[PDB]
Each structure stands twice: as C-alpha cells, then as structure tokens.
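Given next, in structure tokens, is a single chain: the form deposited in one PDB entry.
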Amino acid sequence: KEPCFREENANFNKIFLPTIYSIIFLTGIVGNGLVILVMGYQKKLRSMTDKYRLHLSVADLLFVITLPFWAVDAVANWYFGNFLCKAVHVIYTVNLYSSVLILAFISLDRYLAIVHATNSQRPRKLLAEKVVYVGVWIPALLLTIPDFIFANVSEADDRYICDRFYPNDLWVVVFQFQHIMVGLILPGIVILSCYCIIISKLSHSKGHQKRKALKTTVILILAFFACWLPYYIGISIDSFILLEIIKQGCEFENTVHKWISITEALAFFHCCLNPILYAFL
C-alpha cells in the first residue's frame, strides 16, 4: 500500500524549476537589495507601510540568498550537507511566516490609520517599531524549531534529498496543517477582517477616494496570496491524502506532489512582487 514513494521529478521540472528559481533569485536579489538600499539604508521610508515593506524585503532577500540552493537541489539533489540543509530550511520558514505576518501587520496598520484615524498614530508607531519584531520575527523564528530538528538530508538511492524528515506521517500532516493555518488562515482572516472593516468605514468617508496607500497594499497582499493559493490547495489535498481521507491511487499522490513542486516554485514570486510595486505603484 506504499505509493510510488514519490516519482523522479519529471525531467522538465528539473530545467523549469531551476529556471523559475533563477529568475526569482535574480529579481529578488536586485529588487530587494534596492529596496533595502533605498528604503532602509538611505532612510526614505516615508509611510509606516514602507517600514513593513522593508521587513518584507529583508525576509525576501534572506530567502533569495538560499534560492540557488533550491535550483541546485532541483537539477541535481543536495550536495551541501546537513547544516546547510538546516540553514536553507529555517530561512525558508522564516520567510514563509515573516512575510505573511508582515502583511497582517500592514493590514493592521491600514486599519489603524483609516478606521482609527484620529487617535491611532501612537499605536501605529509602536506597532511598526517595537511590536513588529515580537509579532513577526519572534513567531517566525519560533516556528523554525521543527526545521532546526527535522530538516536533515537523507542519504538514500544516490539521491541525498534535503527535506523535513519526521518520525511518522501524522507529524507531516500536523505540520502541514500548521503551515496552512498560521500561513493562510489566521493571517488571512486578520487581513480580511481589517480590509472589510476598512471598506465599511471608507465606503461612507464622503466618497473621497482614500484608495491610495490602500490600493498599493491591497495589490501587494492580493498578489502574495494569489501566488501562494495553488500551493496551499496542493498541500491541503496532500495532507488529507496522508491522513487516509483521500484514498485515491498512488498516481494521484504523485500528481499532487508534482503540483506542490511547481506551485511552490511559482509561489516564490512573492519575493519579487514587493519591489515590483515600487517599480509600478
């Protein structure tokens, strides 16, 4: 009843995923380094949204440093050993959770700036300079413990596959549900609640279109979640497959893994769209 025990990634992933990773690596390096140079070295962070997009650019730069390891592990497989596999996985997790927590924080900042426009200028300073660290980076760093523990390289079938290796499959299901939860649902629920209240409080602000700093952050968050949504659907289906709820054939269990691979490579475009909304607005 074992399935196909994964299939050798289609020969085309292995030229496509390397290509996607390299495009995202180039765009991420150039764009996020330019954002850090302009908005975080020369200190022209004008709004408090540009404070959080600096945090996004730092997280995305950290991830795109390790993206060439993803490309190499796509073409060939892992050569870099165990410590660097752990480093790549914890950096991937830090980016994963920090970016979406930062987006939730930008939604909170927009909610405080629009809805509580009279009295929330002092909470908007603490939330962006002292509370952002303990609400984004500390939760993002505390969720790399499963990757400090389980992210080892398995010397296998002349493969050496760098992945999170768990004692059993229930751990995989639990941690994929945890990823889905604290990376899509709760930050997504917070963002949706903040923006629904913003739209309800802005719908009668005389009509005066306060859709300025709102449109940029709406585009940023919508593009981020559009990049990540197919991957989250794939891993939710995969987690329900592992939980013996989707008892279909092993070929479905392999096509969902292929879906996860391409949609995860395509979800790394979130590291590129923060600088893109500085090229455009």
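Just so we're on the same page, rigid core means the largest C-alpha set that superposes within 1.5 Å between forms. Numbering starts at 1 and follows the sequence shown.
The discussion below concerns the form deposited in another entry, not included here.
Core-aligned CA deviation for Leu220 between this form and the one not shown: less than 2 Å. Relative to the superposed core, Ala156 shifts its CA atom by 2 Å or more between this form and the one not shown. Once both forms are fitted on their rigid core, the CA atom of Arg211 lies 2 Å or more apart between this form and the one not shown.
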